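> An experimental structure, sequence included, is below.
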Amino acid sequence: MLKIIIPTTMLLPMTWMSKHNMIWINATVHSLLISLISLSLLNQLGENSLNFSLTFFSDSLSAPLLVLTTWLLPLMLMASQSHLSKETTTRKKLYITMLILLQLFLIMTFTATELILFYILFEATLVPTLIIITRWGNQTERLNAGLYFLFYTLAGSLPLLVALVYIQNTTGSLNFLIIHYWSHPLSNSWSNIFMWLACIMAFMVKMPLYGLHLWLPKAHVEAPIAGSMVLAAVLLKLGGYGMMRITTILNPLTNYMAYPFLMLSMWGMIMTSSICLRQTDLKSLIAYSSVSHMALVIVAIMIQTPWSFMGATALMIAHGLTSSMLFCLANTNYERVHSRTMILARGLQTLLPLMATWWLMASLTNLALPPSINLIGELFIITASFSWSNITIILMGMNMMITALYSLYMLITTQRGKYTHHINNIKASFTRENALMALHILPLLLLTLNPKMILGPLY
Amino acid sequence: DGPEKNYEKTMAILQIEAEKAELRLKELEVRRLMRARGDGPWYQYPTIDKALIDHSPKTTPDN
Amino acid sequence: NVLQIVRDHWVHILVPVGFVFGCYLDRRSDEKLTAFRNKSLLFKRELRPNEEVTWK
Amino acid sequence: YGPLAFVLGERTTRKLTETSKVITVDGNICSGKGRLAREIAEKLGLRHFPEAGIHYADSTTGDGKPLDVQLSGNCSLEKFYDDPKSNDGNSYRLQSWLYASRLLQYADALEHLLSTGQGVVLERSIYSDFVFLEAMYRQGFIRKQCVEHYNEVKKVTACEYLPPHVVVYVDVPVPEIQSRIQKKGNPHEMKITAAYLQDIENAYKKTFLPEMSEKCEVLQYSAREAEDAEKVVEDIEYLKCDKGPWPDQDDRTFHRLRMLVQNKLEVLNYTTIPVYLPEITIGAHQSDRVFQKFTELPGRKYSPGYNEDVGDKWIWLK
Amino acid sequence: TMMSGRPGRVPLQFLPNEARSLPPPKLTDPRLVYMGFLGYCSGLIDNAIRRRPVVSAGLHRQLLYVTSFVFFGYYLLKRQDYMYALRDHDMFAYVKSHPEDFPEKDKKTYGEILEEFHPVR
Amino acid sequence: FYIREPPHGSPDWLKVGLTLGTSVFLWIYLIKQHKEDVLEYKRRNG
Amino acid sequence: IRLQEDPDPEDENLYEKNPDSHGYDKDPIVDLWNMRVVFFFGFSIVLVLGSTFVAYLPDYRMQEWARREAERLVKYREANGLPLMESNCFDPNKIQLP
Amino acid sequence: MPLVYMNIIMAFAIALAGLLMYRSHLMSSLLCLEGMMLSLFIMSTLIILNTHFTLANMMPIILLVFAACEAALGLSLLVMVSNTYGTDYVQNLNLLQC
Amino acid sequence: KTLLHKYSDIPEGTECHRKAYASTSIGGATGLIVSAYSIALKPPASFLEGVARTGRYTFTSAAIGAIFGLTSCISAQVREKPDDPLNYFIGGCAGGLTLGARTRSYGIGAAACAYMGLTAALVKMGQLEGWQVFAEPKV
Amino acid sequence: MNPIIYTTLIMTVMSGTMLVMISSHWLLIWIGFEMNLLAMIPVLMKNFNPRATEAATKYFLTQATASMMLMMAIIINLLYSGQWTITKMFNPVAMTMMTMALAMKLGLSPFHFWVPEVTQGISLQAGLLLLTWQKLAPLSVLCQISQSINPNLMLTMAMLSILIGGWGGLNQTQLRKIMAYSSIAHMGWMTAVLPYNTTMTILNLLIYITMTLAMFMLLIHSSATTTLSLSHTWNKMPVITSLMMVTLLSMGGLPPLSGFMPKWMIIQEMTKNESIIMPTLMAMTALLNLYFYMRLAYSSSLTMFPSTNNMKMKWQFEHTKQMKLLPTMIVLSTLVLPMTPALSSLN
């Protein structure tokens, strides 16, 4: 894994020692080359994981996420170029360094073979994200959003640290391979119940769960474009990755303990999709849609069936791409009109035609038009839940309908109608923004042709 | 590279980690026993040195 | 004008050198974990003539 | 200078002599104080510090050439003369910056006196700066809260330093000062109102002269008497101010004072007290812009001696 | 506590002569390299604090930082290895001396053992 | 440029020499110690 | 309440100074080369070369191997009359029931 | 333990309660500190004399020496407090809070 | 510690009156300690005011303890399930409601019900499962 | 204070601590504590203010009561055992009294009331000495007598310390009081593992000393004693405030910074002894310290507060005095996590 890690680390000295003109160019070029290197990890032996070393391993679950992060870094730099132009060279380099540290931490989290190291790196991501949000946000609420994000995540995580240390003491090892191979069943005792809660709750917080999702809207709304992109695409997926990894330890109690979170996620998906219908801010609407899709992912993980896990992996990747693209599309309008109110900018299809097509494709993926990977994941999850209970179809179908409604309502309001007369600052879309949208869309559409890559280990 | 490389490396990694887990549990047990009993090198708390005592004839016989 | 080009565009050598170094260190770690190179019960074979390791 | 030097036996008292004195020549605007101060410094063999201006710190730092107003001072005396009651707050910004400059100059003069033993002659000082502030407040140019901020800064800062031994006040009647201002012909100065000068004089005589006279003796000279610089120097030579702080001061207090004076930032620490008066409070964006501009100024990016742009060399081994 | 009262421990000795039996830390150890990296970061921070050129000024000072950190790290690593080796030595000796407390367990193959199957339905 | 001579000014050649010499001595001492310890380890453990 | 600089007008359109801005910077040369770097190293290299690399990635998932083994097993079991799939994953004899 | 040990330990307890329950003056609490020191001297002396710990008959004298050192420190602080406030009242040590 | 031994010794779900008395004693002791600390740190103006504050705090604590013990024991009896933590949860929520009544605030009552009931259920679970708040050093 | 006298007094404080950490006789340990108090009182009042005198008086009274209680405990142990050696304490009442005295010296709640007041009254340098060096001797004495300590009392004091140090800091806008409350919380963390593993207490003490030295030296460099005064520092010396933000994050315990390792190892050691509720409550309560750390960071570096015009003069000049150890202190406080296994050296 050092083939990827070491170059990512060298990205920092290059960025710091690069000329003021050339920071973005060098960062983008070398990040893209690193992403190209990451594509080698997609080749996964079916039976066994790629155990590169004692510290690091990759499987059919970690590989797609690593590729996603490496891909995301250059898109994040491209998106963040515009609003950081006025910033001084040192601050721009610090922002790029925060992004690079975040990528390094995420890669090590995904490839780490020990749960304690995974915890250290997974919590470590808070610092760069917190710094980004609270230093390069454009609103007074960036500080409160940072406090909420940090404290929600830490309150979830710390009991996880206690539980992991206890597991290390009892089983004797926190290496995932040994844990999987031995994996003695849990007993239905209050102590084991609370251990299950401690293990699950941190990832339940990271993956916005209904009742623990309040941090996500504030953080995504108040964060800069790059921070929103990472939070939606990758940081949420850390919870899913950990929950899929951690579920091995808690085999039997999961059936008994799943019902509260299963019900919360299933009803919350409807609740948040309905929330999206009446939201007045584009970023907030995108965030709530993210919440709903991650609720679908949570249901898939809790059910603990192979098809559900494959759907969860596919949905994680597809949603990361789609939500990042949606945030970037909203950010372009925000830069042009300097407001996140949906009503303020209208009829943008006439003014900016190609951005309208980008919006259409992003919304279609959001509403799971087949054969999109979004639909593949959602359909697999839906079938697994149908096996879990035939009555599940009602809520899932209602959620599908509400998702289509809110996605196309966003598209109609922002990109359709008569243009807002007074707004005169709309200017022809730059090649950079269209290139960012295309870089988002094309990999998602291409991944449909070969869907085994994003279908996870159980495939 | 061929699958045999990964197969063998996984075997080696598993052996190393399992040995470490067994050693960790053994260390925990050993420390518990030593602390409870005090019969081992660890947890040997200090006691007064017998060299300090003076055995020379005292002022009074009955000492 | 090479002296000028390299003096202000040498930063482009860091990350590829990083990739090279990473490959080297990964091969070293593969060296470390050679215990059951050909001692498995599945891939254990008799070394073909002119071979010392199955690189496993 | 350092604590180690004092431990070794570097003592201020030995270097100081009868010549070692701080002489402050004060007066109203265009009172001729500069001429007498220069003559006194020349005759008594004392270093002369010209009156602190907006750009004195620029003179003492870096190249020594004045920097742009935005980077250093953000205040204009000409603006104060033309528009005394501007909503910009230029009046109190000017007054506070001038007090800061005079505090720095007093620190530098004390450092010179305590390092080399040579006396220093100053044109006005931190102790006399309140005269202009009171006139501004009386004339309505500045608000009461600005006066309170000035009082807080002076109270925190001025106490540390030792007052001057000899105060020389050159007194010129205000109408003659008006005629002098007309004769000099500076357009902005001509706008000075008579009441403002009268309040300057009132502050001086009612408050400064009595308070200074309490500590030591003050030599008050009329304009005709001031012209005879030799007689003034003789008067100074025959002063005996046994009362006052300097005879009380010993080597320990001199060590403390020299340590304070050497560290200019410590001297100016409380000039930046976090009192958010609109006049002197600078917003975050403007502050960032101005600080970036100051950093880009030649010779200011790095610590002195490490700026390659201005010709510093051997930085790698320096 | 623990190793503090180990018999034969000379007071205020960083490395006992017994440690020399253990292999010395390799000068290319990753831990020592990280200590040198810490020294380099210390030099950079010193330059930043004193407002000197961060990466070019004071090469002698940065060299001294790196050398001091590596020099102390070598001995710190040696002592750490010695302490862990002492722990392992004592643990194995105690296991040997108390066979009853650490009994060998009968090894049953998974065929013999019965583990209940919980269906994921 | 500066009217007041820079406090650092020219390099303090005594300070630079002492720093570089101390670094060199520490490195040489470390290398000799490593060689000695390797010899001792091989000797005691054969 | 404070002396602060006027809010900067909406950042000057990069089109005004350079009509073919391409975004990515104020300086046109860096704009062109940034666009070229992005397009080349993502579209031409990562998407096309990377997509080809994924498409022809060697089948280490053993799908074809599994299919061939299944074909062999089906042929043998049908020829010998043995059931196509045995109900017991592991041979019963080796298991020792309580 | 004989009853004299009871009485001396009771004296220490009483002095501790007195010191921990201030009223107005600081001198009284310094006197309670000195009383605690006297009680400690008496206890140590009784123990060392009953047990014939010959080389420990000096410990009370060192205890007294450091008790007087503490008393001197207390008085030197009380003088400054009185100078700064005009009284030894404890209520004037109120500038520092929490 | 004798009061804690008194509360523990009575079998759960039995002798509800004695259990309530033990809980009331524990609440009274805790209230007395809190009142002492309040009187010391925040001085009372008069001896009568100090007595009033002590009485108020002590009665609130005693009422909380009495309600908790009475409700928990009665629930254990009626449900007939002695070791269920839900009985302790019900007792704790009743204690929180009593605290809200004494403070004459609904919000205090509801927050106290939630937190105190959860804490009491956790305490019962610790009894059942042998959880150690303070663990003897065993390493 | 003449610098020679100051050097002598500081050496006397350090010598008292050394006597505490070097003596096998209870009398000499108590003598070391008394010498520490005698030397420290003038040091706290090096700058003469009424606040300095008030802080010195409060400190003297609290430490004198602690010393008298410690001497009574020593005498009781002598009465019931006849031994002067620092070892297991053979009388439980003496052990309780000694624990109370040593906690009062360390400022462990419910004996914390003096720490914030004293810290606020004294200067930043005297505060650094008070909150880093003074902690050493009582912790050393507690480590030597850890076996005799009743775990319940020490753990109760530690938990109360954590809670109170977290709560009080939330309400503080004065940097020195914030540091005092954070010190209370971290000391509560250190004493929690004293019954279980002393090496963990030593490791936490070292990390805490490094972080507190870095923080106090940074504040001295910025000459800030209030949050608003620290707010201006971004205009003059941004690097200082950025490093302060990093050090604050380490103090909060966030991974991957070095502040994480002490909490990590304390939790591990407590869990090994079956302590699960106590570590969970301690870790959760640490979030409040994180909260006020983050508020300070927001004020100092993450957000740019309004400055004043006179700062333009300060831009021209440069900091005269250099604290040599500050960069290494920052690096150790923030970037030492990858080197935790080295916690067997002090072992």
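Yes, it's here. Residues are numbered from 1 along each chain as shown, chains lettered A, B, ... in the order given.
> all helices for chain B, in order.
For chain B, helices defined by DSSP state H occupy the ranges B:3-37.
> contacting residues around the residue in chain F positioned nearest to chain J?
In chain F, the residue that lies nearest chain J is residue F:7 (8.8 Å; Cβ to the nearest Cβ). For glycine as for every other residue, the C-beta is placed from the backbone atoms N, C-alpha and C. Applying Cβ atoms under 8 Å, 6 or more residues apart in numbering or on different chains, we find residue F:7 in contact with D:304-305.
> On the three-state scheme, it is what?
On the three-state scheme (DSSP: H, G, I helix; E, B strand; the rest coil), residue F:7 is labelled coil.
> ok, it to residue J:314 distance?
Going from residue F:7 to residue J:314 by Cβ to Cβ, to the nearest Å gives 18 Å.
> Quick check: residue A:411 touching residue A:363?
Yes - at 4.6 Å, residue A:411 counts as touching residue A:363 under the criterion of Cβ atoms under 8 Å.
> between these two, which one's more packed in?
Neighbour tally, residue A:411 and residue A:363, criterion other Cβ atoms under 10 Å in any protein chain shown: the higher count belongs to residue A:363, 25 against 19.
> Who are the contact partners of the more buried one?
Listed by Cβ under 8 Å, 6+ apart, the contact set of residue A:363 reads A:326, A:407-408, A:410-411.
> Closest one of those residues to chain C?
residue A:326 (30.6 Å).
> Could you give me the buried positions within stretch E:87-105?
Residues of stretch E:87-105 classed as buried: E:87, E:90-91, E:94-95, E:98 (neighbour count, 16 or more other Cβ atoms under 10 Å in any protein chain shown).
> from the residues you listed, which ones fall inside helices?
Residues of the buried residues of stretch E:87-105 located in helices (DSSP H): E:87, E:90-91, E:94-95.
> Make a markdown table out of these and add distance to chain D.
Output for those, formatted as a markdown table (distance: Cβ to the nearest Cβ, whole Å):
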| residue | distance to chain D |
| --- | --- |
| E:87 | 46 |
| E:90 | 50 |
| E:91 | 52 |
| E:94 | 55 |
| E:95 | 58 |
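> for the residue nearest the centre of chain F, helix, strand, or coil?
Nearest to the mean C-alpha position of chain F, by Cα atoms, centre = their mean, lies residue F:23 at 0.9 Å. Three-state call for residue F:23 (three-state DSSP): helix.
> for residue A:160, what are its contacts?
A:119, A:198-199, A:201-202.
> Identify, by residue count, the longest helix of chain D.
Per DSSP H, chain D has its longest helix at helix D:90-116.
> Over to chain G?
What stands out as the longest helix in chain G, according to DSSP H, is helix G:63-80.
> can you put the buried residues of stretch E:87-105 in a markdown table and add distance to residue J:166?
Listed next are the buried residues of stretch E:87-105 as a markdown table, based on distance: Cβ to Cβ, whole Å:
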| residue | distance to residue J:166 |
| --- | --- |
| E:87 | 35 |
| E:90 | 39 |
| E:91 | 39 |
| E:94 | 41 |
| E:95 | 43 |
| E:98 | 45 |
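> which of those lies closest to chain G?
Minimum distance to chain G across the buried residues of stretch E:87-105 is 31.2 Å, recorded for residue E:95 (Cβ to the nearest Cβ).
> That closest one is in contact with residue B:33, isn't it?
No - Residue E:95 lies out of contact with residue B:33 (Cβ under 8 Å); the separation is 9.8 Å.
> ok, residue I:19 touching residue I:71?
No - the criterion here is Cβ under 8 Å, and residue I:19 misses it with residue I:71 at 10.4 Å.
> Enumerate the residues of chain G near chain A.
With the criterion set to Cβ under 8 Å from any Cβ of the partner chain, chain G comes near chain A through G:8, G:10-11, G:13-15, G:21-27, G:30, G:33-35, G:37-39, G:41-43, G:45-47, G:49-51, G:53-55, G:57-58, G:60-63.
> near chain I too, which of those residues?
Answer for the residues of chain G next to chain A near chain I: none qualify (Cβ under 8 Å from any Cβ).
> Just the ones of those in helices?
Mapping these onto helices (DSSP H) picks out G:14-15, G:30, G:33-35, G:37-38, G:50-51, G:53-55, G:63.
> For these, name the two members farthest from one another.
Farthest pair in those (Cβ to Cβ) is G:15 and G:63. Separation: 52.3 Å.
> Chain G versus the residue of chain E found nearest chain F, what's the distance?
Nearest to chain F, among the residues of chain E, is residue E:24, at 3.6 Å (Cβ to the nearest Cβ). Residue E:24 sits 42 Å away from chain G, going by Cβ to the nearest Cβ, to the nearest Å.
> before we move on, which element is that residue in?
Residue E:24 belongs to no helix or strand when elements are defined using DSSP states H and E.
> Great, nothing more from me.
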